[PDB]
>>> print(open('protein.txt').read())   # compact mmCIF, C-alpha atoms
# COMPACT_ATOMS: atom_id res chain seq x y z
CA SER Y 1 67.94 174.41 50.46
CA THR Y 2 66.83 170.95 49.39
CA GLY Y 3 63.88 168.60 49.85
CA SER Y 4 63.46 164.84 49.55
CA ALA Y 5 60.18 162.93 49.70
CA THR Y 6 59.18 159.36 49.05
CA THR Y 7 56.59 158.71 46.36
CA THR Y 8 54.43 155.58 46.58
CA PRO Y 9 52.31 153.76 43.98
CA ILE Y 10 48.58 154.07 44.66
CA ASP Y 11 47.90 150.45 43.68
CA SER Y 12 49.47 147.21 42.52
CA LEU Y 13 49.69 148.41 38.89
CA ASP Y 14 51.54 151.68 39.56
CA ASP Y 15 48.58 153.56 38.08
CA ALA Y 16 49.88 156.73 39.76
CA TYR Y 17 52.16 157.77 42.59
CA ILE Y 18 51.37 159.82 45.70
CA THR Y 19 53.75 161.98 47.68
CA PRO Y 20 52.95 163.50 51.10
CA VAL Y 21 52.78 167.31 51.13
CA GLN Y 22 52.44 169.56 54.19
CA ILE Y 23 50.03 172.48 53.72
CA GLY Y 24 49.25 175.22 56.20
CA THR Y 25 49.90 175.91 59.87
CA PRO Y 26 49.66 173.60 61.72
CA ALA Y 27 50.54 171.27 58.87
CA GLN Y 28 47.78 169.41 57.05
CA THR Y 29 49.35 166.48 55.21
CA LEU Y 30 47.75 165.55 51.89
CA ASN Y 31 48.93 162.90 49.45
CA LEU Y 32 49.36 164.57 46.07
CA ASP Y 33 50.03 163.27 42.57
CA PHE Y 34 53.19 165.05 41.37
CA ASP Y 35 52.53 165.82 37.72
CA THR Y 36 55.29 167.08 35.46
CA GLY Y 37 52.63 167.49 32.74
CA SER Y 38 50.58 170.20 34.47
CA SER Y 39 51.18 173.30 36.54
CA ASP Y 40 48.43 173.62 39.17
CA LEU Y 41 48.68 172.58 42.82
CA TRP Y 42 45.09 171.73 43.67
CA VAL Y 43 43.53 169.91 46.58
CA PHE Y 44 40.37 168.34 47.85
CA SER Y 45 39.16 170.76 50.50
CA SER Y 46 36.47 171.79 52.94
CA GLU Y 47 34.98 173.68 49.95
CA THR Y 48 34.63 170.57 47.77
CA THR Y 49 31.02 169.62 47.03
CA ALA Y 50 30.33 167.03 49.73
CA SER Y 51 28.91 164.39 47.37
CA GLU Y 52 32.15 164.56 45.37
CA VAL Y 53 34.37 163.63 48.34
CA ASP Y 54 34.79 159.89 49.05
CA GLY Y 55 37.66 159.03 51.37
CA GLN Y 56 40.12 161.75 50.40
CA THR Y 57 41.91 163.86 52.97
CA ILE Y 58 40.85 167.48 52.66
CA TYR Y 59 42.60 170.81 53.15
CA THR Y 60 40.65 173.14 55.44
CA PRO Y 61 42.00 176.67 54.95
CA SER Y 62 40.02 178.04 57.92
CA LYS Y 63 42.14 175.83 60.21
CA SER Y 64 45.42 177.23 58.86
CA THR Y 65 46.75 180.39 60.46
CA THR Y 66 48.87 181.10 57.36
CA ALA Y 67 46.11 180.64 54.74
CA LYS Y 68 44.87 183.72 52.89
CA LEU Y 69 42.17 183.84 50.23
CA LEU Y 70 43.65 184.98 46.93
CA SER Y 71 40.78 187.32 46.25
CA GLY Y 72 39.04 186.94 42.91
CA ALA Y 73 41.18 184.05 41.74
CA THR Y 74 39.60 180.95 40.21
CA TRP Y 75 40.94 177.91 38.42
CA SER Y 76 39.66 175.16 36.16
CA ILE Y 77 41.57 172.33 34.56
CA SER Y 78 40.96 169.32 32.34
CA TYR Y 79 43.23 166.27 32.08
CA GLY Y 80 44.18 163.69 29.46
CA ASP Y 81 41.33 161.37 30.46
CA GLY Y 82 38.49 163.89 30.38
CA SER Y 83 38.57 164.32 34.14
CA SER Y 84 38.48 167.86 35.52
CA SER Y 85 38.31 170.03 38.60
CA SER Y 86 37.82 173.70 39.49
CA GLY Y 87 37.57 176.11 42.39
CA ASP Y 88 39.10 179.10 44.12
CA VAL Y 89 42.59 179.85 45.48
CA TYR Y 90 44.41 180.41 48.74
CA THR Y 91 48.02 181.15 49.42
CA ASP Y 92 49.62 179.15 52.19
CA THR Y 93 52.85 177.53 53.34
CA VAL Y 94 53.65 174.30 51.49
CA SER Y 95 56.46 171.90 52.34
CA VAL Y 96 57.68 168.86 50.43
CA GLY Y 97 60.23 166.59 52.04
CA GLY Y 98 61.60 169.39 54.24
CA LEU Y 99 61.60 172.09 51.53
CA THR Y 100 59.26 174.98 52.39
CA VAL Y 101 57.64 177.57 50.14
CA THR Y 102 55.70 180.42 51.70
CA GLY Y 103 52.92 182.08 49.72
CA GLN Y 104 52.32 179.10 47.45
CA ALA Y 105 49.06 179.15 45.50
CA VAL Y 106 46.93 176.28 46.83
CA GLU Y 107 43.99 175.78 44.53
CA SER Y 108 40.98 174.61 46.51
CA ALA Y 109 38.54 172.40 44.63
CA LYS Y 110 34.88 173.30 44.73
CA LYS Y 111 34.13 170.66 42.07
CA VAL Y 112 35.92 167.51 40.93
CA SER Y 113 34.87 165.00 38.26
CA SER Y 114 33.80 161.45 39.10
CA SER Y 115 37.22 159.95 38.32
CA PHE Y 116 38.76 162.00 41.14
CA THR Y 117 35.96 161.25 43.59
CA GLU Y 118 36.28 157.55 42.84
CA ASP Y 119 39.99 157.51 43.62
CA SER Y 120 40.25 157.72 47.40
CA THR Y 121 44.05 157.62 47.36
CA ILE Y 122 44.72 160.94 45.57
CA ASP Y 123 44.05 164.10 47.58
CA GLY Y 124 45.05 166.46 44.75
CA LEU Y 125 47.76 167.28 42.25
CA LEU Y 126 51.06 169.11 42.46
CA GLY Y 127 52.04 170.40 39.04
CA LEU Y 128 55.68 170.50 37.99
CA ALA Y 129 55.44 171.58 34.34
CA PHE Y 130 56.19 175.22 33.45
CA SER Y 131 54.17 177.93 35.15
CA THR Y 132 52.92 179.15 31.76
CA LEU Y 133 50.37 176.28 31.92
CA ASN Y 134 48.96 177.32 35.31
CA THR Y 135 45.21 177.90 34.99
CA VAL Y 136 44.60 180.47 37.74
CA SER Y 137 42.69 183.51 36.50
CA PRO Y 138 42.99 186.47 36.35
CA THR Y 139 46.54 186.29 37.77
CA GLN Y 140 48.50 183.20 36.75
CA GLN Y 141 50.34 181.50 39.60
CA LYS Y 142 53.72 179.79 39.90
CA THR Y 143 54.38 176.13 40.56
CA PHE Y 144 55.95 174.90 43.78
CA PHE Y 145 59.22 174.30 41.92
CA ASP Y 146 59.19 177.75 40.28
CA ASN Y 147 58.66 179.36 43.71
CA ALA Y 148 61.38 177.23 45.38
CA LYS Y 149 63.93 177.45 42.58
CA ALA Y 150 65.91 180.51 43.64
CA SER Y 151 66.40 179.05 47.13
CA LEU Y 152 67.46 175.59 46.00
CA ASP Y 153 71.13 174.55 46.09
CA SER Y 154 70.74 173.76 42.37
CA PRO Y 155 67.67 174.65 40.28
CA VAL Y 156 66.60 171.04 39.67
CA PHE Y 157 64.30 168.32 40.80
CA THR Y 158 64.61 164.61 40.14
CA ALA Y 159 62.06 161.82 39.70
CA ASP Y 160 63.06 158.29 40.68
CA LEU Y 161 59.86 156.29 40.36
CA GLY Y 162 59.74 152.68 41.48
CA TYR Y 163 58.37 149.64 39.70
CA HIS Y 164 55.81 148.18 42.10
CA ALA Y 165 57.76 149.93 44.87
CA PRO Y 166 58.26 153.36 46.42
CA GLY Y 167 60.66 155.88 44.91
CA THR Y 168 61.80 159.44 45.49
CA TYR Y 169 61.34 163.06 44.42
CA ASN Y 170 64.33 165.25 45.31
CA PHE Y 171 64.47 169.02 45.03
CA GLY Y 172 67.67 171.02 44.77
CA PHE Y 173 70.24 168.23 44.39
CA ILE Y 174 71.19 165.18 42.37
CA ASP Y 175 71.68 162.03 44.45
CA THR Y 176 74.67 160.45 42.77
CA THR Y 177 74.02 157.17 44.59
CA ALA Y 178 70.57 156.78 42.99
CA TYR Y 179 71.63 155.81 39.46
CA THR Y 180 74.22 153.77 37.59
CA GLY Y 181 76.62 155.06 34.96
CA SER Y 182 76.25 158.64 33.81
CA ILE Y 183 73.34 161.03 33.30
CA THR Y 184 72.73 161.95 29.66
CA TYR Y 185 71.24 165.40 29.22
CA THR Y 186 69.06 166.38 26.30
CA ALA Y 187 67.45 169.61 25.07
CA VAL Y 188 64.02 170.81 26.20
CA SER Y 189 61.47 172.95 24.40
CA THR Y 190 59.27 174.91 26.79
CA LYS Y 191 57.12 176.31 23.94
CA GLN Y 192 54.08 174.21 24.90
CA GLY Y 193 54.69 174.50 28.65
CA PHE Y 194 55.90 170.92 29.00
CA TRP Y 195 59.21 169.18 29.60
CA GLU Y 196 59.27 168.42 25.89
CA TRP Y 197 62.29 166.65 24.39
CA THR Y 198 63.28 164.44 21.44
CA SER Y 199 64.18 160.79 21.88
CA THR Y 200 66.71 159.49 19.38
CA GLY Y 201 64.92 156.18 18.69
CA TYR Y 202 63.90 152.81 20.00
CA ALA Y 203 64.38 149.07 20.03
CA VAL Y 204 62.01 146.20 20.75
CA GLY Y 205 63.40 143.39 22.87
CA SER Y 206 66.81 142.28 21.64
CA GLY Y 207 66.13 143.87 18.25
CA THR Y 208 68.26 146.41 16.45
CA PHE Y 209 67.96 150.05 17.44
CA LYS Y 210 65.95 152.25 15.07
CA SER Y 211 67.36 155.77 14.87
CA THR Y 212 64.42 158.12 14.58
CA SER Y 213 63.41 161.38 16.27
CA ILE Y 214 60.45 161.08 18.64
CA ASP Y 215 59.27 164.35 20.18
CA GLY Y 216 57.42 163.91 23.44
CA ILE Y 217 56.93 165.03 27.02
CA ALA Y 218 58.41 163.70 30.24
CA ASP Y 219 55.20 163.29 32.22
CA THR Y 220 55.06 161.77 35.70
CA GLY Y 221 51.30 162.37 35.72
CA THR Y 222 50.54 159.97 32.84
CA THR Y 223 50.58 156.25 33.63
CA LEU Y 224 51.55 154.77 30.25
CA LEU Y 225 53.99 155.29 27.41
CA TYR Y 226 52.22 156.84 24.37
CA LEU Y 227 54.21 156.71 21.13
CA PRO Y 228 53.58 156.92 17.37
CA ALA Y 229 51.40 154.16 15.91
CA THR Y 230 54.28 152.82 13.82
CA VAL Y 231 56.47 152.30 16.91
CA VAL Y 232 53.66 150.81 18.98
CA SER Y 233 52.69 148.39 16.19
CA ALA Y 234 56.32 147.25 15.93
CA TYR Y 235 56.35 146.54 19.67
CA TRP Y 236 53.10 144.57 19.88
CA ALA Y 237 53.89 142.58 16.72
CA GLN Y 238 56.47 140.79 18.90
CA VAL Y 239 53.77 139.55 21.32
CA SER Y 240 51.76 136.52 20.13
CA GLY Y 241 48.06 137.29 20.14
CA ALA Y 242 48.41 141.01 20.93
CA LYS Y 243 45.95 143.25 19.12
CA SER Y 244 44.49 146.70 19.21
CA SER Y 245 40.98 146.56 20.61
CA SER Y 246 38.66 149.46 19.81
CA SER Y 247 36.21 148.17 22.44
CA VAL Y 248 38.82 148.15 25.22
CA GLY Y 249 40.55 151.31 23.97
CA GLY Y 250 44.04 150.15 23.10
CA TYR Y 251 46.43 147.26 22.71
CA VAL Y 252 45.66 144.17 24.73
CA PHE Y 253 47.63 140.95 24.96
CA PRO Y 254 47.22 137.45 26.36
CA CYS Y 255 47.98 137.50 30.07
CA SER Y 256 49.99 134.29 29.46
CA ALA Y 257 52.56 136.27 27.42
CA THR Y 258 56.10 137.11 28.34
CA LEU Y 259 56.55 140.73 27.19
CA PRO Y 260 59.72 141.95 25.47
CA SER Y 261 61.59 144.96 26.78
CA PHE Y 262 61.40 148.34 25.07
CA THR Y 263 64.43 150.61 24.72
CA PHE Y 264 64.31 154.36 24.07
CA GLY Y 265 67.18 156.62 23.11
CA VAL Y 266 68.40 159.66 24.99
CA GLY Y 267 71.11 161.09 22.77
CA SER Y 268 73.62 158.27 22.34
CA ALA Y 269 72.41 156.64 25.57
CA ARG Y 270 69.72 153.99 25.97
CA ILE Y 271 67.05 153.41 28.65
CA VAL Y 272 65.67 149.87 28.82
CA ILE Y 273 62.10 149.34 30.01
CA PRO Y 274 61.77 145.72 31.16
CA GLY Y 275 58.87 143.79 29.69
CA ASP Y 276 57.18 143.41 33.06
CA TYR Y 277 56.82 147.20 33.31
CA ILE Y 278 54.56 147.07 30.24
CA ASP Y 279 51.97 144.74 31.87
CA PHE Y 280 48.90 146.54 33.23
CA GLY Y 281 47.03 143.40 34.11
CA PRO Y 282 43.61 142.02 33.28
CA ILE Y 283 41.29 144.39 31.41
CA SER Y 284 38.56 143.48 33.92
CA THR Y 285 38.75 141.31 37.01
CA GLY Y 286 39.37 137.67 36.11
CA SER Y 287 40.01 138.29 32.42
CA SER Y 288 42.86 136.58 30.59
CA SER Y 289 43.23 139.63 28.34
CA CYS Y 290 45.78 142.08 29.73
CA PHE Y 291 46.14 145.80 29.03
CA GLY Y 292 49.35 147.04 27.43
CA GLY Y 293 51.58 149.70 28.89
CA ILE Y 294 52.72 151.01 25.50
CA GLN Y 295 49.87 152.61 23.54
CA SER Y 296 49.46 154.77 20.46
CA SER Y 297 49.59 158.54 20.81
CA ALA Y 298 47.61 158.94 17.58
CA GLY Y 299 44.86 161.42 18.26
CA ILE Y 300 46.50 162.81 21.43
CA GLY Y 301 48.61 165.20 19.38
CA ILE Y 302 51.79 164.57 21.37
CA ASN Y 303 53.88 161.60 22.47
CA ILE Y 304 54.00 161.03 26.21
CA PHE Y 305 56.86 159.46 28.13
CA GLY Y 306 54.73 158.60 31.15
CA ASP Y 307 55.45 156.52 34.21
CA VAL Y 308 56.12 153.30 32.24
CA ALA Y 309 59.15 154.98 30.67
CA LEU Y 310 60.19 157.27 33.50
CA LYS Y 311 60.24 154.56 36.16
CA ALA Y 312 62.98 152.78 34.18
CA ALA Y 313 65.24 155.81 34.70
CA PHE Y 314 66.58 158.35 37.14
CA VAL Y 315 65.26 161.58 35.61
CA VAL Y 316 66.62 165.09 36.12
CA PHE Y 317 64.32 168.03 35.50
CA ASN Y 318 66.85 170.82 35.16
CA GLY Y 319 65.19 174.19 35.61
CA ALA Y 320 68.22 176.32 34.88
CA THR Y 321 67.76 179.40 32.66
CA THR Y 322 67.85 177.06 29.68
CA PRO Y 323 66.04 173.97 30.94
CA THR Y 324 67.18 170.45 30.05
CA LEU Y 325 66.31 166.85 30.93
CA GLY Y 326 68.69 164.21 32.17
CA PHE Y 327 68.23 160.44 32.07
CA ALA Y 328 70.30 157.74 33.74
CA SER Y 329 69.86 154.01 34.11
CA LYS Y 330 69.42 152.73 37.67
>>> encode(input="protein.txt", output="structure tokens")
Amino acid sequence: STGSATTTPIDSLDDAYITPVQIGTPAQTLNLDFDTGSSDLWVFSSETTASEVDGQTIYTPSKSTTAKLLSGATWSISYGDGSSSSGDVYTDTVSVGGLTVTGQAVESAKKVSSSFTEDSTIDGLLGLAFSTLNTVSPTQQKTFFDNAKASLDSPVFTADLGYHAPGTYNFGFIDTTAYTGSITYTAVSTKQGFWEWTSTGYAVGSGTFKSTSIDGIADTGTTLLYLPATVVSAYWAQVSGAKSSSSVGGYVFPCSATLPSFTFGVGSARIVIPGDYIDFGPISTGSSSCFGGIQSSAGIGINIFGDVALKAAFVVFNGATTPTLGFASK
């Protein structure tokens, strides 16, 4: 089997991407944030504290003839921004782009933090990291991909995120028309539960390539590109007036700037992030200070190849017995 679904930016900055997901019988379609950096499929639901729901579409298990309470199971998760959610668990039928999994754990939120409530466009998350990170207790649950894998034509999914435009998540096949040149594959460590890999270096603008190993995660659920302070300083030094602002919480730059590109290495191959991808717009409405899309990972504990990086590539998440990652230009 295969599946193919379009993923759409939630706003004009590509702060996140939403993908429609069918849950239950009859189908209830929710728009979920596909997150290769976590491993829980959780939704706003009829059980979510009413004051914490503001415009989201909810899953109502009592209206699904295939929903079953997973008795005793609870979940609770925190994210990279200090946002969180928790609740109980159902199993139900879940379909993405024509690919159906029966008995998928659907984690129903009883509580969500303000950041989730405030974002009307995201109805929940669909985790695509390794199932070892799944938070369901006392019986850990599998991701949608893990459940689908054996049935897929090939045990892979691909992320093809757009810049200020829709893109695609495919399951079970590689669309050879969706990228240019060849796909370069690189080793993955699953030891921390992430799609963790090692970039071979970087360049800033038309500058020379610096060969240096940068361990990090391929994370569709993080907006920005988080890299070591040395690398990030080298980038922003090429932008007149750019500075790190403790008050704002990262590098800012004059909105009048033209940003240089940023290149990262995948083995001997190179992925070029155009400068425009690195602009996250005014820090507050009407400001002439703009927020940077490349930020320091210092104090996170890991480097994160988030949407800024991934959207410059066609990315293969190869879930074969020994997982790997593939990157192609597009």
>>> residues_around(input="protein.txt", residues="stretch 202-217 of chain Y", least_positions_apart="4", cutoff="7 Å", atoms="only C-alpha atoms", output="ChimeraX atom specification")
/Y:194-198,235,260-265,302-305
>>> atom_distance(input="protein.txt", atom1="atom CA of residue Y:86", atom2="atom CA of residue Y:74")
7.5 Å
>>> atom_distance(input="protein.txt", atom1="atom CA of residue Y:276", atom2="atom CA of residue Y:162")
12.8 Å
>>> atom_distance(input="protein.txt", atom1="atom CA of residue Y:275", atom2="atom CA of residue Y:248")
21.0 Å
>>> residues_around(input="protein.txt", residues="residue Y:90", least_positions_apart="2", cutoff="12 Å", atoms="all atoms listed in the file", output="ChimeraX atom specification")
/Y:23-24,41-43,45,47,59-62,64-75,87-88,92-94,102-109,136,141
>>> residues_near_point(input="protein.txt", point="(50.5, 153.5, 19.8)", cutoff="10 Å", atoms="all atoms listed in the file", output="ChimeraX atom specification")
/Y:225-236,244,250-251,293-299,303
>>> closest_residue(input="protein.txt", among="Y:266, Y:242, Y:27, Y:21", to="residue Y:187", atoms="all atoms listed in the file")
Y:266
>>> closest_residue(input="protein.txt", among="Y:166, Y:249, Y:292, Y:124", to="residue Y:44", atoms="only C-alpha atoms")
Y:124
>>> closest_residue(input="protein.txt", among="Y:318, Y:115, Y:137, Y:57", to="residue Y:89", atoms="only C-alpha atoms")
Y:137
>>> closest_residue(input="protein.txt", among="Y:128, Y:161, Y:122, Y:310", to="residue Y:149", atoms="all atoms listed in the file")
Y:128
>>> axis_aligned_box(input="protein.txt", around="stretch 32-50 of chain Y", padding_each_side="4 Å", output="AutoDock Vina command-line options")
--center_x 42.8 --center_y 168.5 --center_z 42.8 --size_x 33.0 --size_y 18.4 --size_z 28.2
>>> residues_around(input="protein.txt", residues="residue Y:14", least_positions_apart="3", cutoff="8 Å", atoms="only C-alpha atoms", output="number ranges by chain")
Y: 9-11, 17, 163-164, 223
>>> residues_near_point(input="protein.txt", point="(55.8, 167.3, 32.8)", cutoff="6 Å", atoms="all atoms listed in the file", output="PyMOL selection string")
chain Y and resi 36-37+129+194-195+218-219
>>> write_last_selection(input="protein.txt", atoms="C-alpha atoms", output="JSON list (two decimals), in the coordinates of the input")
[["chain", "number", "residue", "atom", "x", "y", "z"],
["Y", 36, "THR", "CA", 55.29, 167.08, 35.46],
["Y", 37, "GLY", "CA", 52.63, 167.49, 32.74],
["Y", 129, "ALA", "CA", 55.44, 171.58, 34.34],
["Y", 194, "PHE", "CA", 55.90, 170.92, 29.00],
["Y", 195, "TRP", "CA", 59.21, 169.18, 29.60],
["Y", 218, "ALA", "CA", 58.41, 163.70, 30.24],
["Y", 219, "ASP", "CA", 55.20, 163.29, 32.22]]
>>> build_atoms(input="protein.txt", residues="stretch 160-186 of chain Y", atoms="N, CA, C and O atoms", output="CSV table (one decimal), in the coordinates of the input")
chain,number,residue,atom,x,y,z
Y,160,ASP,N,62.5,159.6,40.6
Y,160,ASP,CA,63.1,158.3,40.7
Y,160,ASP,C,61.9,157.4,41.1
Y,160,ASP,O,61.8,157.0,42.2
Y,161,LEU,N,61.1,157.1,40.1
Y,161,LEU,CA,59.9,156.3,40.4
Y,161,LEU,C,60.2,154.8,40.4
Y,161,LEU,O,61.0,154.3,39.7
Y,162,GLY,N,59.5,154.1,41.4
Y,162,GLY,CA,59.7,152.7,41.5
Y,162,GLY,C,58.8,151.8,40.7
Y,162,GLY,O,57.7,152.2,40.4
Y,163,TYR,N,59.2,150.7,40.3
Y,163,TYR,CA,58.4,149.6,39.7
Y,163,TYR,C,57.8,148.8,40.8
Y,163,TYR,O,58.5,148.1,41.5
Y,164,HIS,N,56.5,148.9,41.0
Y,164,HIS,CA,55.8,148.2,42.1
Y,164,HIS,C,56.5,148.4,43.4
Y,164,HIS,O,56.6,147.5,44.2
Y,165,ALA,N,57.0,149.6,43.7
Y,165,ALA,CA,57.8,149.9,44.9
Y,165,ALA,C,57.8,151.4,45.0
Y,165,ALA,O,57.7,152.2,44.1
Y,166,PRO,N,58.1,151.9,46.2
Y,166,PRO,CA,58.3,153.4,46.4
Y,166,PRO,C,59.5,153.9,45.7
Y,166,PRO,O,60.4,153.1,45.4
Y,167,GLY,N,59.5,155.2,45.5
Y,167,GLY,CA,60.7,155.9,44.9
Y,167,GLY,C,60.8,157.2,45.6
Y,167,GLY,O,60.3,157.5,46.7
Y,168,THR,N,61.4,158.2,44.9
Y,168,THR,CA,61.8,159.4,45.5
Y,168,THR,C,61.7,160.6,44.5
Y,168,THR,O,62.1,160.5,43.4
Y,169,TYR,N,61.2,161.7,45.0
Y,169,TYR,CA,61.3,163.1,44.4
Y,169,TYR,C,62.3,163.9,45.3
Y,169,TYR,O,62.1,164.1,46.4
Y,170,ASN,N,63.4,164.4,44.6
Y,170,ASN,CA,64.3,165.2,45.3
Y,170,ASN,C,64.2,166.6,44.7
Y,170,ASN,O,64.1,166.7,43.4
Y,171,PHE,N,64.4,167.6,45.5
Y,171,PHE,CA,64.5,169.0,45.0
Y,171,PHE,C,65.8,169.6,45.4
Y,171,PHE,O,66.2,169.6,46.6
Y,172,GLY,N,66.5,170.2,44.5
Y,172,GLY,CA,67.7,171.0,44.8
Y,172,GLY,C,69.0,170.3,44.7
Y,172,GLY,O,70.0,170.9,44.9
Y,173,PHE,N,69.0,169.0,44.5
Y,173,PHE,CA,70.2,168.2,44.4
Y,173,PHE,C,70.1,167.0,43.6
Y,173,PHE,O,68.9,166.5,43.5
Y,174,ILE,N,71.2,166.4,43.1
Y,174,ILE,CA,71.2,165.2,42.4
Y,174,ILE,C,71.9,164.1,43.3
Y,174,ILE,O,73.0,164.3,43.7
Y,175,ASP,N,71.1,163.1,43.6
Y,175,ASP,CA,71.7,162.0,44.4
Y,175,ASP,C,72.5,161.1,43.6
Y,175,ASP,O,71.9,160.3,42.9
Y,176,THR,N,73.8,161.2,43.6
Y,176,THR,CA,74.7,160.4,42.8
Y,176,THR,C,74.7,159.0,43.1
Y,176,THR,O,75.3,158.2,42.4
Y,177,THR,N,74.1,158.6,44.2
Y,177,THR,CA,74.0,157.2,44.6
Y,177,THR,C,72.8,156.5,44.0
Y,177,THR,O,72.6,155.3,44.2
Y,178,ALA,N,71.9,157.3,43.4
Y,178,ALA,CA,70.6,156.8,43.0
Y,178,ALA,C,70.5,156.2,41.6
Y,178,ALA,O,69.5,155.8,41.1
Y,179,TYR,N,71.6,156.3,40.8
Y,179,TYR,CA,71.6,155.8,39.5
Y,179,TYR,C,73.0,155.2,39.2
Y,179,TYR,O,73.9,155.3,39.9
Y,180,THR,N,73.0,154.4,38.0
Y,180,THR,CA,74.2,153.8,37.6
Y,180,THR,C,74.7,154.5,36.4
Y,180,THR,O,74.0,155.2,35.7
Y,181,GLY,N,76.0,154.4,36.1
Y,181,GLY,CA,76.6,155.1,35.0
Y,181,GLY,C,76.5,156.6,35.0
Y,181,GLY,O,76.6,157.1,36.1
Y,182,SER,N,76.3,157.2,33.9
Y,182,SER,CA,76.2,158.6,33.8
Y,182,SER,C,74.8,159.1,33.4
Y,182,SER,O,74.0,158.4,32.9
Y,183,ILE,N,74.6,160.4,33.7
Y,183,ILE,CA,73.3,161.0,33.3
Y,183,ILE,C,73.6,161.6,31.9
Y,183,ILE,O,74.5,162.4,31.7
Y,184,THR,N,72.7,161.3,31.0
Y,184,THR,CA,72.7,162.0,29.7
Y,184,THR,C,71.7,163.0,29.6
Y,184,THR,O,70.5,162.8,29.8
Y,185,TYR,N,72.1,164.3,29.3
Y,185,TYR,CA,71.2,165.4,29.2
Y,185,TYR,C,70.8,165.7,27.8
Y,185,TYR,O,71.6,165.4,26.8
Y,186,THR,N,69.6,166.2,27.6
Y,186,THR,CA,69.1,166.4,26.3
Y,186,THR,C,68.2,167.7,26.3
Y,186,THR,O,67.7,168.1,27.4
